[PDB]
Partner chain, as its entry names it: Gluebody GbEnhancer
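Given next, in structure tokens, is a single chain: the form solved without its partner chain.
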């Protein structure tokens, strides 16, 4: 099957900046929609921002202009640049691979949704 493995979190101070990287493993041809969710402990899962194959992007109101996502098309990897961070933003950050087309040269593939492991993000 497919691995989503997120990286690039840690502790930083208010006004500071991080850049998260989510790496997608396996025979991936395309992903309809790659989406950033964050889980603040004792709060409901929050939709952050997302990017379509072809690079259309949309962002939660609570993070517009502070955050920006992008895709290394070569790498099948997305990035979330988070600047001007706030204690609000403290959460586990993960990615949803909606409409994930996989395919070997044998001709044998799948089409599925996948979820990431998450990376910890602390803002003091």
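Residue numbers count along the first chain shown, from 1.
We do not show the form solved in complex with its partner chain, though everything after this point is about it.
Peer 1: I need to confirm a contact call. Of 68, 76, 35, 90, which residue comes within 4.5 Å of its partner chain in the bound PDB entry, counting heavy atoms only?
Peer 2: It is 90 that has a heavy atom within 4.5 Å of the partner.
Peer 1: Taking 3, 5 and 80 as the candidate spot, are all three within 4.5 angstroms of its partner chain in the bound PDB entry by heavy atoms?
Peer 2: No, none of 3, 5 and 80 comes within 4.5 Å of its partner chain in the bound PDB entry.
Peer 1: My question is simply whether residue 15 lines the interface with its partner chain in the bound PDB entry - judged by any non-hydrogen atom within 4.5 Å.
Peer 2: Looking in the bound PDB entry, residue contacts with its partner chain do not include residue 15, since no heavy atom lies within 4.5 Å.
Peer 1: With its partner chain taken in the bound PDB entry, which residues across 38-74 come within 4.5 angstroms through any non-hydrogen atom?
Peer 2: 41, 42 sit within 4.5 Å of the partner.
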